[PDB]
């Protein structure tokens, strides 16, 4: 089902997932349906709306929530933009971010700091990979003017799974000027960690379909708890954001998460993500998949611990699919990732901390891991 795995040794699922055949087929089929019936017509427009509804519903079931809490976007970042720009920011309001957030999210925060006179600071979580408590660290920085905390559930650089429940509790418990809310960047967590927003209390959770869920680049989504929807004012809007009157005039916002959806999107892509989501559900529960992922990452991590010139950032087994490490070599990590790609082995260079990252998915096998280990063994001081 994942053709792309053959003839390469892929560990970059956290960059982009390998697109399954069923997903490509659905994308191709959707273009065919539009050619045959439209592309712009009563039949085609209806089919597109039915497809959007099917995808919204599939995402809702994925996280065990009502479809009205799901917004379809193009990527992780957009979800973050929706939440951040939607909040009614007042000068001096404060935003706390872990020191392991994505450059693009930081950039939104900076744009918002400059726009509403808000402030932001980082709390050190990187250092808690092997010790400490990121929740305790957060508390330590929580203030009276803190309004929003931004954190990645699974860190893209170190592979740490942040203690989300305790960080939420720490946040509820807090008594300040604002009820502290938490925007979660789920780029790495969604599709790898089992996520249930019924059993797990979340405020905002942005994710994408193109990484661990293995859908095509260009389709992602955003979860907003019903109790937080009101606080989020639509910002980028368009014809998909509203309801219409008798003369075709705007008459209010569309139902639930639809108000944050803009206008024409690559619909066939939606069918691709739908197919990819349905495939993963065909392969055991989220929990069984997560355990499969950890068994692969621990096997790789254990393998790396045995190589004399490789040093894993994690001193205990990885809590998810991300395994970061450094290599003792004059070459530098970029040259090593490049040479590895020369041999059709795909890993990623991490900018901070300066290291290399490997992603193991439930479709990764030991043979691919042993291959990586054999070629990594070639580097040294």
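Residue numbers count along the first chain shown, from 1.
Original post:
Once you work out the mean C-alpha B-factor for both 79 to 87 and 194 to 202 from the entry, which is higher?
Top reply: Looking at the record's C-alpha B-factors, the answer is 194 to 202.
**OP:** Could you settle it for me: does 369 to 377 or 13 to 21 have the higher average Cα B factor in the PDB entry?
**Re:** The recorded data point to 369 to 377.
**OP:** Could you check 147, 153, 211, 259 and tell me which one carries the biggest Cα B-factor in the deposited entry?
**Re:** Max CA B-factor in the entry, restricted to 147, 153, 211, 259: 147.
Subject >> Candidate set 67, 330, 353, 38 [ranked by C-alpha B-factor, highest] >> reply: Top of the list by C-alpha B-factor: 330.
Original post:
Should residue 121 be placed in the lowest, middle or highest third of its chain by the C-alpha B factor in the entry?
Top reply: Highest third - that is where residue 121 ends up once the chain's C-alpha B-factors are sorted.
Subject >> Chain-relative CA temperature factor third for residue 248 >> reply: Top third by C-alpha B-factor.
Subject >> Chain-wide C-alpha B factor ranking for residue 104, given as lowest, middle or highest third >> reply: Answer is middle: the recorded C-alpha B-factor places it there.
**OP:** Determine, from the deposited record, the chain-internal third of the Cα B-factor for residue 347: lowest, middle or highest.
**Re:** Lowest third, going by the recorded CA B-factors of the chain.
**OP:** Taking the values exactly as deposited, rank residue 316 by C-alpha B-factor within its chain and report the matching third: lowest, middle or highest.
**Re:** Highest third - that is where residue 316 ends up once the chain's C-alpha B-factors are sorted.
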